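*Asks:* quick one: initial chain(s) of a complex, as found there:
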Amino acid sequence: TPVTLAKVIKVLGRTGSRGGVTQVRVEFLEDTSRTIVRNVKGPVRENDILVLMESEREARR
Amino acid sequence: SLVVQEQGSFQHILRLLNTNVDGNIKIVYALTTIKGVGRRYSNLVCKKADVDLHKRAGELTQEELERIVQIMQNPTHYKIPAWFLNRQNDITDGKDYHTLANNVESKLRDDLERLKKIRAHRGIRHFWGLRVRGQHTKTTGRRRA
Amino acid sequence: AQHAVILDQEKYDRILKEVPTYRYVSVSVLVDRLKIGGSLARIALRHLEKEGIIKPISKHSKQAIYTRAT
Amino acid sequence: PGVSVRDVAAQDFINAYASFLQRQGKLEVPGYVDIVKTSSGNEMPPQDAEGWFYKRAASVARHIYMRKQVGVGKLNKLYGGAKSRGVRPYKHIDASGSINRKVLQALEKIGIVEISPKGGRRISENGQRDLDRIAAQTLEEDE
Amino acid sequence: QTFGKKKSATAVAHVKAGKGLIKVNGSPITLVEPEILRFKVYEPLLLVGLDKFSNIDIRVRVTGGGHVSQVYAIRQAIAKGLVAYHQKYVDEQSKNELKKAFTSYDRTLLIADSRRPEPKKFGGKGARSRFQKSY
Amino acid sequence: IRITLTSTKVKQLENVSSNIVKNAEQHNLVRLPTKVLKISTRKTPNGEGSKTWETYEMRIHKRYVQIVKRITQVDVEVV
């Protein structure tokens, strides 16, 4: 069960040709120290903790 | 109600007026298995022949339902009115029947033949396969044969 | 299966083998368990409601819910 | 304890009490029952047919007590649901007139309905009496 | 003299020293029977104030709307009823003790649900929706 | 006395209502719902184009011895 936590620090914006995805900066909490930009599907705002299936190697566009 | 068991006196397969009827089926509808026996007219005779409707078809005796065959082919003499009858006032003899089993198609045939040979509209219109009831015929009713 | 509409007893005192390790019982449980069809399963849920192990939790027409000898 | 019908629920009172008029047998039923549906705007004759004149007679008196004066027509509007007009839109169709009139009759043959001096049907002089009577029958063993 | 409203259902009550009988329509509240919405009507009195409503003026009658605008209307009457005899009557800090507990759960009891239904424009069976198109 | 008065415009409808509660003190002595009549037809004279509908409206507002015959001198009527 390779999972990890991540709450969204800020919302970089949207991408996707139809406009239904958001770029987010993120971190895992205790000894926070992470920052990586994942793209996310349903609506998301600040401090929304969310899942992750590999702790790094995010994307863009 | 509550549970009984009963002995082996139930049946599937039971032929009554040339038509076998399923027995595992509850009663008043296993009667509609006969042409001419609808639901209004099946619901009534079997109460004005004094039977309990909660029972499936598997019970009963011949004169418990000869109670119904002489009811159904001679109902004018059994307190059921004339507006329940698929043939009332006739046109051959003026007396009111109830066409049943085979009798429906046959005295339907007479109804069509009486018009088809008189060259009435409905007569040769029936003889063509077209709608006798005045409905539109361009937009509707196509795939068929 | 083709299912059944009367109350002999082949697996129908499995109609009395009718509680342990399957608590909830109602019409749907009766028909499924390699068993009856479900219109005599309504007087029967009325029959063991009369005096049986099944006790009513549910007060409504559309579904009855009955449990074990809890 | 000072019981009117308004303090007993409708269904269990209208129904379990309608069995009282069976218990007595002061009937005057029409006898054309076993051939009726209560409306053109429905399809099957009433399921039971062993009763339901009591339930109907209960029902009308409950509304007649609960308000001032009733009429034969308004009975048809009330019970009459929607005719399944087949393949066309459903509509409100009124109910059987003969059915409802013959219950507004057979109820002042018992002393529960009056014939309002204004026209219509008043709850009778003694109707306001025996209706509240069945309340404490039902209530004082239903708490 | 309190209001009650959901859409076109309106419910009425009154303010003076009272009875104990809490009357719905004429058939008192005990059973109203849109069967399970009874807890909708029961709801107000239960945060605080469970009794001494034998000095209480609660007759309520409902007209208009339907089987659920009336249930929402009557609670709009009853709840505003209590804080009504707490205006220049038994202390007004209790107004701010009920308007406190009612409104801090307010499922449209003190403040009327403003939601009214939209006029339908032509070319459709609706205010917003439209007939089907064919090119 | 009892008068019932009606018109479509409201001003000269209420320039008599006030003008009669002031003859009410002529020797220091003693609103209906508005009816909207709706005609709803098509804008187009023939049959063409977008199927466009158009409601019109009439607004009808109604209200309610020697001095009697010299008070009646908008739709005036009294009984």
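*Replies:* Ah, there it is. Numbers count the residues shown, from 1 in each chain, chains lettered A, B, ... in the order given.
*Asks:* C-alpha from now on. contacts and neighbour counts both.
*Replies:* Will do.
*Asks:* Need the residue closest to the centroid of chain E.
*Replies:* The residue lying closest to the centre of chain E (CA atoms, centre = their mean) is residue E:76, at 2.1 Å.
*Asks:* Next SSE downstream of the helix or strand encompassing that residue?
*Replies:* According to DSSP states H and E, residue E:76 maps onto helix E:69-82. Once the chain leaves helix E:69-82, the next helix or strand it forms, by DSSP H and E, is helix E:95-103.
*Asks:* Considering only chain A, name the residue that lies closest to chain E.
*Replies:* Using CA to the nearest CA, the single residue of chain A nearest to chain E is residue A:18, 24.3 Å away.
*Asks:* Give me the number of neighbouring residues for residue E:47.
*Replies:* As a burial measure, residue E:47 scores 12 neighbours (other CA atoms under 10 Å in any protein chain shown).
*Asks:* coming back round to it: show me what the helix holding residue E:76 is packed against.
*Replies:* On a contact count with 3 or more CA pairs under 8 Å, 6 or more residues apart in numbering or on different chains; DSSP states H and E, helix E:69-82 meets strand E:10-12, helix E:38-42, strand E:58-63, helix E:95-103.
*Asks:* Of all the ones you listed, which one comes closest to residue D:113?
*Replies:* The closest of these to residue D:113 is strand E:58-63. By CA to CA, the value is 25.9 Å.
*Asks:* what about the residue in chain A positioned nearest to chain C, how many neighbours?
*Replies:* At 32.7 Å from chain C, residue A:1 is the closest residue in chain A, using CA to the nearest CA. Under the neighbour criterion other CA under 10 Å, residue A:1 is assigned a count of 4.
*Asks:* Chain G should go on the structure too:
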Amino acid sequence: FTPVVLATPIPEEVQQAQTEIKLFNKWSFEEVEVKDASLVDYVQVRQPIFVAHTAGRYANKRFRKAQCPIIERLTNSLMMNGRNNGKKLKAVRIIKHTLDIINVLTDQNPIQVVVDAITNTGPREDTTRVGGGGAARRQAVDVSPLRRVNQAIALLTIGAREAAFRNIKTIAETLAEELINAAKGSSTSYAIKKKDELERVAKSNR
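*Replies:* One more chain to add, chain G, which I have set with the ones above:
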């Protein structure tokens, strides 16, 4: 427990539930934890409600249906496939039926074995359509704290909807026989079979 009465006999059962400790009418709306830290703030137990019909404006502004009592939330995704539209009263009777239809299979508060059945019904990752077109790539993107909720609802209602259809069982009996498995490691539940289906080339396309 403060039993008390007035001129209208108040049924005793009502007075000993709410004013004693402000419950829901039968089921203890009281403390029930969420077994997924990302639904912290995305679930509305406490404040309790006695009936699942608090008709309120949870739509005209955006995120508010987060604050809707998360049990009235699901009583809404049931009244559809077209015929059942409207008809909340038909829906809320299915839920209070299903609660003790659940409760007759091991006790302790079915108000949780529903939420215990959505945290493992939320798809962690998901895959959607690139600009592309025909030759379009399927890049994975992780899933929202609120989408994981919204969609595990309609996923759960749907599985019941199409299994109640034409089968002898009841609609309350279906989603009861479906909510329970999603409590953990279902492997035999419709909505779980779809969340686990939906995580497809999921941690690979990232």
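*Asks:* Same as before for what packs on helix E:69-82, with chain G this time.
*Replies:* Applying 3+ CA pairs under 8 Å, 6+ apart, one finds that helix E:69-82 contacts strand E:10-12, helix E:38-42, strand E:58-63, helix E:95-103.
*Asks:* How far away from the center of its chain is it?
*Replies:* The chain centre lies 2 Å from the centre of helix E:69-82; the measure is CA atoms, centre = their mean, to the nearest Å.
*Asks:* got the residue ranges for the strands in chain A?
*Replies:* Counting by DSSP state E, chain A has strands at residues A:6-15, A:21-27, A:38-40, A:49-50.
*Asks:* Let's have those strands in a markdown table, adding mean neighbour count and distance to residue E:117.
*Replies:* Listed next are the strands of chain A as a markdown table, based on neighbours: other CA atoms under 10 Å in any protein chain shown; distance: least, CA to CA, whole Å:
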| stretch | mean neighbour count | distance to residue E:117 |
| --- | --- | --- |
| strand A:6-15 | 17 | 36 |
| strand A:21-27 | 21 | 34 |
| strand A:38-40 | 23 | 37 |
| strand A:49-50 | 25 | 39 |
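*Asks:* quick one on the thing from earlier: can you give me the angle the helix holding residue E:76 makes with helix E:95-103?
*Replies:* Put simply, helix E:69-82 runs at 160 degrees to helix E:95-103, going by axes from the mean of the first three to the mean of the last three CA atoms, to 10 degrees.
*Asks:* Look up which helix or strand the closest residue to residue E:116 other than its chain neighbours falls in, please.
*Replies:* Excluding the flanking residues, the one nearest residue E:116 by CA to CA, 6 or more residues apart in numbering or on different chains is residue E:7, at 6.2 Å. Counting by DSSP H and E, no helix or strand carries residue E:7.
*Asks:* next up, chain H:
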Amino acid sequence: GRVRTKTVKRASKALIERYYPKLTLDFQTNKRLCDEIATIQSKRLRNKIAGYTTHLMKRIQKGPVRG
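*Replies:* Below, chain H sits with the chains from the block before:
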């Protein structure tokens, strides 16, 4: 949605030039000031001049506004 047009902005500053004698940072005071000296037609018309005149006032303290 909420952009006031030159009908208000011209009229709203048409006052502040002739009546900075008086005029306040509170809306409802100017509300009932307006119709005394102006000839606005509708209430919504006046309430929007007032809402902006007050807005120019709530900011007039800290630096004069162009024009």
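*Asks:* since we added chain H, can you redo the neighbour count of residue E:47?
*Replies:* Counted with other CA under 10 Å, the neighbours of residue E:47 add up to 17.
*Asks:* And the one 4 residues further on, by the same measure?
*Replies:* Counted by other CA under 10 Å, the residues lying close to residue E:51 total 17.
*Asks:* I'd guessed the residue nearest to the centre of chain E sits against residue E:11; true?
*Replies:* Yes - between residue E:76 and residue E:11 there is a contact under CA atoms under 8 Å: 7.4 Å.
*Asks:* what residues do the two have in common as contacts?
*Replies:* Common contacts of residue E:76 and residue E:11, defined by CA atoms under 8 Å, 6 or more residues apart in numbering or on different chains, comprise E:3-5.
*Asks:* Throw those residues into JSON lines and include distance to chain G, neighbour count and secondary structure, thanks.
*Replies:* Converted to JSON lines, these look like this (distance: CA to the nearest CA, whole Å; neighbours: other CA atoms under 10 Å in any protein chain shown; DSSP: H, G, I helix; E, B strand; the rest coil):
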{"residue": "E:3", "distance to chain G": "19", "neighbour count": "20", "secondary structure": "coil"}
{"residue": "E:4", "distance to chain G": "16", "neighbour count": "32", "secondary structure": "coil"}
{"residue": "E:5", "distance to chain G": "13", "neighbour count": "27", "secondary structure": "strand"}
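*Asks:* Between these, which sits nearest residue F:29?
*Replies:* Checking the shared contacts of residue E:76 and residue E:11 one by one against residue F:29 (CA to CA), the nearest turns out to be residue E:3, at 38.0 Å.
*Asks:* so where's the longest helix in chain F?
*Replies:* If you go by DSSP state H, chain F has its longest helix at helix F:11-21.
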